[PDB]
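Reviewing the structure listed below.
Remember, it's 1-based here, ligands and their atoms both numbered in the order they're listed. These numbers come from the heavy atoms of this one structure, side chains and all, not from hydrogens, waters or symmetry mates. Chain naming here is simple, since letters A, B, ... match the order of the sequence lines and numbering starts at 1 in each.
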Amino acid sequence: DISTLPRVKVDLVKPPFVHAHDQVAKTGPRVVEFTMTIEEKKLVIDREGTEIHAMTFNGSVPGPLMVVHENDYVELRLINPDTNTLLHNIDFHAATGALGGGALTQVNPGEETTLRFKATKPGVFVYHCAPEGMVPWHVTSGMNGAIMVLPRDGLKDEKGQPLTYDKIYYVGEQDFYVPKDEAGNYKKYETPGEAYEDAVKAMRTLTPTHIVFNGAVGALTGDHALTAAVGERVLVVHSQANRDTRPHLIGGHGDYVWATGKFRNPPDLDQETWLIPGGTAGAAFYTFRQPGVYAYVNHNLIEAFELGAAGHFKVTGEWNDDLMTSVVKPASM
Amino acid sequence: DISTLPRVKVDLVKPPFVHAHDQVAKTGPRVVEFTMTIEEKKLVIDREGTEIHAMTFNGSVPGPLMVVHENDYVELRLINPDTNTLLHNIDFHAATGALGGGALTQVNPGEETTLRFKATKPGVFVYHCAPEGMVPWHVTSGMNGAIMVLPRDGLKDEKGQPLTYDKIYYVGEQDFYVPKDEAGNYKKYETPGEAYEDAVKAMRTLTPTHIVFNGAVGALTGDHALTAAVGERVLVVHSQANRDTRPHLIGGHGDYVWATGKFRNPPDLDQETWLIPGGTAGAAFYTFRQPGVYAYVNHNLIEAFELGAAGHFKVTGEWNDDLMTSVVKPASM
Amino acid sequence: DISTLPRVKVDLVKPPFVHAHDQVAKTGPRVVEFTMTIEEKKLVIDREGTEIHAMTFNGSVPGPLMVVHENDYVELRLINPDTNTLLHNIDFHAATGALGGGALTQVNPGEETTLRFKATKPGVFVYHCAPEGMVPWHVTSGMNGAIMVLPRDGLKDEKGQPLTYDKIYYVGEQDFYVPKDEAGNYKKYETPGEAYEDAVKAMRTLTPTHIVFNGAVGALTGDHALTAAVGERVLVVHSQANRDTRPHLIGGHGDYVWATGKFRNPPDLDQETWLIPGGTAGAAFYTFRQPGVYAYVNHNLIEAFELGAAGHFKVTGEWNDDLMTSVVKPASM
Ligand SMILES: [Cu+2]
Ligand SMILES: [Cu+2]
Ligand SMILES: [Cu+2]
Ligand SMILES: [Cu+2]
Ligand SMILES: [Cu+2]
Ligand SMILES: [Cu+2]
């Protein structure tokens, strides 16, 4: 049966970008093959040069977004090069059985493995590393991403009418717990293992030191702001593998939102802010109507503006005065 | 076009009360004009006399609830008197473009401005001050409120049948982060700026020192409890501009609840407790069936009973023994 | 009227098990009688022997799950034996009036009382102790449980088709705040009152020291793991009386989920993780398709793996290679 199915190999791209795919399936079920290489590496996460030992899927935080269609088979080749120091694995919330695949994918440095699973449920799901005994440590070190399982006939609104996006971006939100000395300065370590004991004590406080989008404070700002034009329909996939978040587009809305990200449910309309539970991926669809800069944020404003959970959208086009206008510009009373 | 539309000026009232309005629109689209004056002031928030420098819209925490209808134009005159010390602005989650209006409304003490925007989406939305660089500081100092955009044909249940309320109250929940000395005593400052540096360190802990309704511990209790009678339909609008909350009516329920507050979505039925994400306004409809005192609370009971997030409802009418009755009064076994 | 109704006495069972009942009602409305005895007792909650003074309904944390049908009358006999030291009461989120029954059930040691209320709304609700002035202290000491009010015609899916479970388990999640000395070691007390002053300071930090299922770290693991077989439909009721949680079945899904637990609302489909607000009970239905061990967790992984919020399911049956298969077992590259 599977033997007889067609197979296509897909090369992943770095977040916030997403690999090429079809919204409405043009072929029947296929075996979609992906390859990911584990990369343990130092990463500076803020302006002051705070550095951590990140554990990544394909060298990025978050790992890349995989896109398949309902009932396709996902075949993943997972490589943990001998240059790494730790055992890793992968658990797909999209899969059924063996702890999401975690129990079948344990690879020590120098090993690899190939897992195949059927994508039976449509929606956006989280995938993350989950080694027995050190699950939270690998997850909060950036070892998580997401997979989107699109219905074979694309997205639909509450009335069952088609929703087609022109652009799609993937925003992975990460809570970090950097160990601190007595005065409050962040510690630095030589290897991941040296950090272990302190990492556990930092996590138990339940208070992140940094909460960032795309691995660093300001990663999606300035020259890295997301782009769009007035009239474009944009799908924004957002995931949080460990902690709740409440996304919000400042100056816009979520026209159609699947906060818990499962496509068989009708979306919520006209959201100002929505809650994505830790351990979940959600998706929001919006059509831009005004040009300018928009701030995309986690709406606990301390987490957004003090801790790092803030990004930008720069949109081009003509301003619509009917929607909004400054009647009297700021001036002395 | 707008030139030709009718205009009505509306005078706002202090929370928990709401200005007069029509549920079902009796006229066509109009330009609804409001005026708000910024007021920086000292406020004692608890029983022990803890005082803070609050930043308010119209002298209240939360700012007043504005009520308009879908497709009306909101025209707001914002005044920042020379007696204030800081730059302020306003961002409406109900608006589209220019950061909700924040980029078009920056006024220094002694200035004013007039913004107009089209209320294209029905629901309850949060509005708050958001000056570049000090967003969380102004929000957590009490500078936020809410606006309700009613469908032109009023509220409806899941089956599309009319829902008419007899009374409406606005509950604004506020998380405060008062700086403390080494022993745990709250600090006091002369002006807002003197508090700044310490305020930022207090906010970064992510742990509020006070979480109150209507600006103070016990503000909606005793002689200030909300009132109703058995048989009355009450709509309770609740907003939290920065942090999640989980409202609950002790002794009652939320018969119809729009937790994320957007009216084009059908409401949830028979809720015991519901989650309102930080940065959102929600609404719950309930018909009183028993008289007596009801406690309206944030259901994290530590936040409610230790931190200040608790209010009362005193309802008049006849007791219904079918619904509830004490069969055997408390007595010695 | 009530005089003329039939009455049945029901003996409760210890969580995670649930007393015998009918899904679809076979008789008309009845008076369902229950008896609960309050038990103040020492409980060791972790591996290191940390001990607390738990306040329980029927000797368990959480208290037992009561199951009735819509429009039945619940008659509860509450006994507070002279061996206890504190005043207690009970508030049912399922009831209407008198603070959920809290104002009608205040019993000092040596007293008892009988309350009756009509179960007018279908769903799973939380019930908990709530004495004026010490509400959070009794709740976070384990004094809470849940009651399920089933529609007279059983459970239904989004299309109104019947959902019948073969097994049902009750998971009560509890956040504990154990007082600590300067070095971080947990304190020990002789009686509940001796703990009081310190308990309040510990709660105000808003950071639990332990978050457990069924009263202790590892309570639902090893020989106490929940059981099922491939093909069985299982209903998992989960409650959190004070704090938000985000349940997740590792290796599975929530096929039908009522996150806020009210049955008149259609369930959410294919959830990976769902949010249950503090002060709420929810229910998830799932059909097992793969055998093996599944971890049932609160998806804030620090709370699950470091703090104690983790349990197991051991499922028997044949492995399905179509759903998942290891193509290449872990081996040297
Ligand atoms: Cu790993
Ligand atoms: Cu997971
Ligand atoms: Cu301001
Ligand atoms: Cu905002
Ligand atoms: Cu008690
Ligand atoms: Cu309660």
Side-chain angles (χ1 to χ4, degrees), chain A residues 90-95 99-102 125-130 135-136 138-139 143-144 239-242 246-253 272-273 277-281 295-301 304-305, chain B residues 90-95 99-102 125-130 135-136 138-139 143-144 239-242 277-281, chain C residues 38-40 54-57 63 78 80 84-91 102 105-109 128-132 134-144 192 246-253 272-273 295 297-301 304-305:
Chain A
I90 191 158
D91 161 10
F92 281 94
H93 286 189
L99 271 17
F125 299 82
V126 163
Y127 69 65
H128 60 83
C129 179
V135 177
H138 287 228
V139 175
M143 211 160 176
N144 59 89
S239 72
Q240 228 303 5
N242 189 67
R246 51 213 62 74
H248 175 87
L249 183 57
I250 306 179
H253 298 86
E272 64 186 305
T273 305
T280 315
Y296 180 70
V297 299
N298 164 336
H299 216 288
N300 176 121
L301 305 167
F305 296 108
Chain B
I90 191 158
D91 161 10
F92 281 94
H93 286 189
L99 271 17
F125 299 82
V126 163
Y127 69 65
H128 60 83
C129 179
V135 177
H138 287 228
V139 175
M143 211 160 176
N144 59 89
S239 72
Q240 228 303 5
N242 189 67
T280 315
Chain C
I38 298 165
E39 233 230 296
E40 283 168 24
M55 300 177 198
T56 75
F57 281 115
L78 184 64
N80 183 4
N84 289 325
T85 64
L86 307 162
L87 170 104
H88 299 282
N89 65 352
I90 191 158
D91 161 10
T105 56
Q106 287 149 48
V107 288
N108 290 300
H128 60 83
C129 179
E132 178 65 39
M134 53 195 152
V135 177
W137 185 41
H138 287 228
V139 175
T140 62
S141 290
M143 211 160 176
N144 59 89
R246 51 213 62 74
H248 175 87
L249 183 57
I250 306 179
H253 298 86
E272 64 186 305
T273 305
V297 299
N298 164 336
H299 216 288
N300 176 121
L301 305 167
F305 296 108

Need the atom name: nearest N/O/S atom of C:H88 to the Cu ion (ligand 5). ND1
Just by distance, no angles: are the side chains of C:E272 and C:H299 close enough, under 3.5 Å, to form a donor-acceptor pair? no
Here the gap from A:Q240 atom CD to A:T280 atom OG1, rounded to the nearest 0.5 Å, amounts to 9.5 Å
Check ring pair (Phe, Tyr, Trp, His ring centres under 6.0 Å) between B:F92 and all other residues, then give those that pass, not counting sequence neighbours. B:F117, B:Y127
Please report the C-alpha distance between A:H93 and C:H253 in whole Å, then the side-chain angles of each, then the deciding distance to 0.1 Å, and finally whether the side chain to side chain donor-acceptor pair (under 3.5 Å) criterion is met. CA-CA 8 Å; A:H93 286 189; C:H253 298 86; over 6 Å; no
Does any N, O or S atom of C:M143, backbone or side chain, fall under 2.8 Å from the Cu ion (ligand 5)? yes
How wide is the angle at the Cu ion (ligand 4) spanned by A:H299 NE2 and B:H128 NE2, rounded to 10 degrees? 110°
Non-hydrogen side-chain atoms of C:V297 and C:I250 separated by less than 4.5 Å: yes
Suppose we only allow N, O or S atoms; which atom of B:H93 ends up nearest to the Cu ion (ligand 4)? NE2
Among the N/O/S atoms of C:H138, select the one at the shortest distance from the Cu ion (ligand 5) and name it. ND1
